[PDB]
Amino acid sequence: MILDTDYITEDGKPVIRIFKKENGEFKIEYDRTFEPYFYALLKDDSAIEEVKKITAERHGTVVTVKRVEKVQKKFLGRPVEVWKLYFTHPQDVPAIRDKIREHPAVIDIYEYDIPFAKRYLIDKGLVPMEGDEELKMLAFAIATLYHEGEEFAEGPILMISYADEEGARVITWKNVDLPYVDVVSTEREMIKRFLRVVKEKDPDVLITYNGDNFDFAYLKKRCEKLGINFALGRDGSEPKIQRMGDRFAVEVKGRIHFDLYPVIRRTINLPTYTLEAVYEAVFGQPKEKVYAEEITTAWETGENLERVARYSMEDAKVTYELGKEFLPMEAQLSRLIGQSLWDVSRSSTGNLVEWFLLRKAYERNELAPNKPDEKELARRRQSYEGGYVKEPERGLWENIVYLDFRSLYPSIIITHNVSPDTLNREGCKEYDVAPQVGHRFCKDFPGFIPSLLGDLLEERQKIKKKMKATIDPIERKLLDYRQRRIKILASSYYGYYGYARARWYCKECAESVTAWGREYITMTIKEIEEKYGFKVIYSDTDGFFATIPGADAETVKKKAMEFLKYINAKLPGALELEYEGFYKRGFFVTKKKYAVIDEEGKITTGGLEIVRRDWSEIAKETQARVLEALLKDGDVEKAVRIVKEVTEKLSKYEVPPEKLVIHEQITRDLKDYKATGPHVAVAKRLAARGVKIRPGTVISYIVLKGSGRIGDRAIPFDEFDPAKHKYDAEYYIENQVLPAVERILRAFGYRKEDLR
């Protein structure tokens, strides 16, 4: 099983290292034969003699083109002639590529920003994370001494906890009477013992929760301050801190540093992403938080260090448990994308699609388009029309079916062969024509993306079959993870077409896909109303709710089935409308806001405050209980009484302040805000106290009693002192609970004033 690749330099030459786990043994394979390269498109072949002479400078050393070769390739499916330019070292390419591109005989250059070790995995056809190999994992976490207004890692690490299958332990340099605590004499001795623990356990994976931006950078700054060779790598190297975007990332050679934080952010939508919140959300068990101030107090007074050590131990333990849950998933993603787990677990959706496409392009001798430069990026900022949203027939409805298309956009892409290499391609004998926008797509050969998308959907169907028949539960689970990742990838192509930084960006493809989608959904709506007497209540992009006014439940279900058989004989190719469910009652608030209940009593909602992080729990729980009284009990009067009891508890300050927390993430640098709201005002006061605030930080605040701007009265919740602070009961009644429920109950004649 391949775990990772990198390269080192030997006498000026790159040597690829393939880190492997085969039959339980860590192994490094070395490859000295791989040459870095990129491509140049020339105005005339004779010009290669001049291009060959171009030089540049690296670390004082002259950079030259090593060797050149004319190759034939395809660009968007058309033959093209380019020159492959070879170099001695991969660091030669960034040094020289601009001077070559700028040459007057060079039209353009291609595949010039592909990192050498990832180039290697593609060109050799190697796939990471294949095989039945069991990886050894170890989570760890640190606890530190913090003083307000200090510089990063000015204070010592107090505890290092670690956990694996055999349990969890805490190393610390004060005496703590717990059986899982190992006591050492100093911070230095604690770090050194932790190093020895890692070396002795020799894990394949190190699991952290936010180790990329806290724990490893803290350990490095302490190791520097203390003069410790932080030799975590299997080659004896120290952890490598890399800048990645607005943030950092930490790699450990010969291991995989698995930081759960970016994995969870792009996998689960949660109100906050504290370790405690993620743990409870995933396993349903509570984890108590101990705050820095309590840690510092406990360390400085020596009082109650057992609480701190238990917190530290639980940190490592739940980090291990979350690692066990999420690593096999990401490992299947790594295998599907064909790049290392380290890279893939940290990569955005668009980047994941692009690396998969780069590999498929290589396999098909297709030269890759470049990422856009600044000019082209500005060219690509125009938008296009999206999905169809019908204005709902607002109110309460009965006996509702929901019908939707199976993977509408992937089905359109495959059926109509929507791809940049088929778009308006001349000389074909069959075309499909996008409605409204008019773009033509040739059908004479599978387009690059349709062909890949069809293979993905097919393989996903084969995997589900093998799952049902396999007796190995491990294989079945890993197959499950793979088929789920394939589905996600399949559903990512449409958005990637519209992604202005995409190599294979194609606005014409994107808007053809949404144009066909609008046509298919509005055609279906028109047919079910005109030929089957349904009334469509609401529709958004790829499905609709409908009923037959005055018909009983079984008539609506039967007639819906008859309509499906009718309509699906009219839909071409992969398009398929399906019966998604039957709902006894549904309430439609506005576009994108509804709630329905099935015949078993389960309520599902779209777009309602109940799922939003920026609405307080008191409002969300009140909305949930109202929806229960209406859809499940038909008891409007009960729902009204519920809102009144809630507002009465807020008025008497009887609601627990925990239910009053609002969460809103910071989306940009604090400097770039044109307007300041509550969460921005709270972020700025925190940052004014030294607190790191980056895009993606979730501000969790509560609104206190007073007047003026809400922003002026908002404090972070973990500063809420129930004696020094009184929350704004009128705000939570008037701006949170009542708005969330008024838009529902007004359909029955009530206004806000009747709900207090």
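All residue numbers refer to positions in the sequence shown, first residue = 1.
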Of 669 to 677 and 559 to 567, the one with larger mean CA B-factor: 669 to 677
Would you mind comparing 171 to 179 and 295 to 303 for me and telling me which has the higher average C-alpha temperature factor in the entry? 295 to 303
Comparing C-alpha B-factors across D432, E376, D480, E165 in this entry, the winner is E376
Based on the PDB entry, the highest CA temperature factor among the options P286, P450, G386, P420 is that of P286
Would the CA B-factor of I744 place it in the lowest, middle or highest third of its chain? middle
Chain third (lowest, middle, highest) by recorded CA B-factor, residue given as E730: highest
Chain-relative CA temperature factor third for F720: highest
In terms of the chain's CA B-factor thirds, is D31 lowest, middle or highest? lowest
Would you check the entry's CA temperature factor for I699 and let me know if it's in the chain's lowest, middle or highest third? middle
